[PDB]
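First structure 1, then structure 2: two forms of the same chain, each alone, as structure tokens.
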Structure 1
């Protein structure tokens, strides 16, 4: 059984050795990164089922990210397996300012009335809370009375009862008991704070990633198609047109514009943590299911992310709720599941990938019976779409061990993936950009091949590579799909059902 659901693992210090020291050891940050020893740790994550590594530019500097990318390239060589490289942008942020007198935090009681300062370069007082806004942006004009200001992952709520134009301050009433600590995340739901579509930090981070060599960009806090289009303009301008963009839907404006965002993007990353703060908690499961169904309808890639196996950061076993949550992401029809802190900063990065691989493989067995996505609903206009449907019907009607597609661009692999056939998909391609770019599509095993000289040669190569890969053995039935004639840019128009010899 091959794992059809792809795993995105976030890389961090958890797998990194410095001067023989492991993360958390005293003096760890005082040593140079040990590249070959760290690469051996990352190869184990590849072997356990990580299909793509996420480089989170929210933390660290470019030199750390570049070294990490170099460590993965060595790990691919050690493991003898390739992975996708995904860049995650920092995006806009609002943080709690510093407190006067060096005070770490203040505890507040419901009904207590305090103020929120929009002026930048000011410290916070227990009475008045100061906001560090990205770009030192003035948000006073963009928050309406009745809005909510939430502090530290939505734990504390301040209702905006009044605005004082005299000091550009928010007059709020505490809604629930809690603590306001310094440098804490702030979210103001259902606001349209005018952070620019593409900030200079995000521009630097994307151009750096593009130069290092990446296959995917996950764009943080996408609110409209423009946030996707500004990034696409950079990929096309720099001659990186192959790079695929995943919009991170984390707030109500993003949900409101989901159809236009899906059209612009190559996929969606569902960020459940931030989405849970920005929208009513009971709607997250609704938005997750709806987003997965719509992205699959568009033949695009969806990643379910954040809070998947979070307890495995500190514990070797996940909770029943966490196992259920990952399992149900697969049944919902996700292409990929993601690990953040569990793989980047946790005590059990290898166990976290292994656990997610085990849940994903188990869930894939129920996809035939309990799977939510339904291929019959699709509109098959293009001949290529018609062929993908026939492949799906073959895998439904007969015991098909593998679907083999010869694809110069990967387009046919993506169309077959979209139908969720009851078989693994071997995508034979001729360049590394296409190979790595298919690493997050459901069920796709990308592999490099030699070019066929004829249609008969192509059928022979398809069976030979499947056997050499260990995917099938004599008596197994496979479906082979290709554009004929084979040399040219002929779209996939041929299907053959073959018994492996």
Structure 2
């Protein structure tokens, strides 16, 4: 079993060593980053099956993101395996501020009376939590007495009992025991804060990440196709048209506009953290199944995100509900499953990726029996898609160890992946940007190779690259597709069934 379901792992301090100390150790924050020791930890997550690392720009600053991206470039070399680089934007969001004196968080008890500030550009204290509102908007008049302020995926609730005009502070009662840490997501349900089109901060974050070299952007709180097209414009103007945009669906407007968002984007991230606060929590499983189906029908990538192995933040074993969630995301048809705090923030980042890889690998064996996606229903809209349908058929008719596609742009590999064959897909492509671009497609193992010449045997190349990567051995049956011959073929036009020598 190669793992066909892709893992997005969020990076953060959990994997980072600072002056020989690990996250949680006394004096950790007084040290600087040990890049090699950090890259060694990250190389172990790559080996365990992380296919793409997520850099959440709601956390840290550019320097911290930039160094973390450099640490992954080193980790790839140590692992001898490449991964995707995914930037996750702030979007039209509210975050808790940094605290005075670089305290990182405080703990609160049910019934404490604290304040939430609206004034922009200040720091929090334990008693007066300051907000970073996208567009530096003033939200004091948008939030009435009786509104709930939710901190960190709704873990901690603050009930607005009064408003203090002298300070423009919400007077709040802590509804339940919990923590307020710096740069935490804030939700105020049933309010209609007028966030701008694309915040200056998002424009700067995106341009910085594009300069560092990324493959993917996940756009937070996509409301309409315009939100995706604003980011697309920046990618194309900076010479970064190869970068793929995943719309994060995490509010009613995103659900209402799903069809236009899917057409504009390269994929969807089902951002269930915010989604289950911005829409009825009991509706998230309905939307999850429907989004995965539509995205797969469009030949695009879907990521299922948030709380997948939440307990593994503190404990070496997931709950029964967490394992059920990962398993059922695979059965629903997801291309990729995501870790957030499990990998970024937790005591068991490596064990989290391992555990997720084990569940994903066991669930992929039940797709023939239980799988929700139905490739038989698709219209085959092009001759490459006809070929992808024929490859699925061959992998259904007999035991195929591997499908190999020689793909210039990844088009053939994406269409084979869409049909969910009962085989791994080796995608041989001829440039690194295409190779990294395929790292979140179901079943696709991207591999860089030289562009075939008109004298090359592409079928010999396919078998040799598969053997040299240890994916197949003598006697295995593989399906190879290619455009034959090189420099005459318009598209993938040939399928070969080949016994490996």
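Positions refer to the first chain, counted from 1. By rigid core we mean the largest C-alpha set that fits within 1.5 Å across both forms. Residues that one form lacks are left out of the comparison.
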query	finding
Hinge residue among 254, 75, 266, 91, where one rigid part swings against the other between structures 1 and 2	91
Smaller rigid part, angle turned between structures 1 and 2 (C-alpha superposition) in °	38
For residue 25, CA displacement between structures 1 and 2 after the core is overlaid, in Å	1.8
Shift in Å of the C-alpha at residue 184 between structures 1 and 2 after core superposition	7.6
Shift in Å of the C-alpha at residue 420 between structures 1 and 2 after core superposition	0.1
Once both forms are overlaid on the core, stretches between structures 1 and 2 of 3 or more residues with C-alpha shifts of 2 Å or more	93-194, 450-456, 487-490
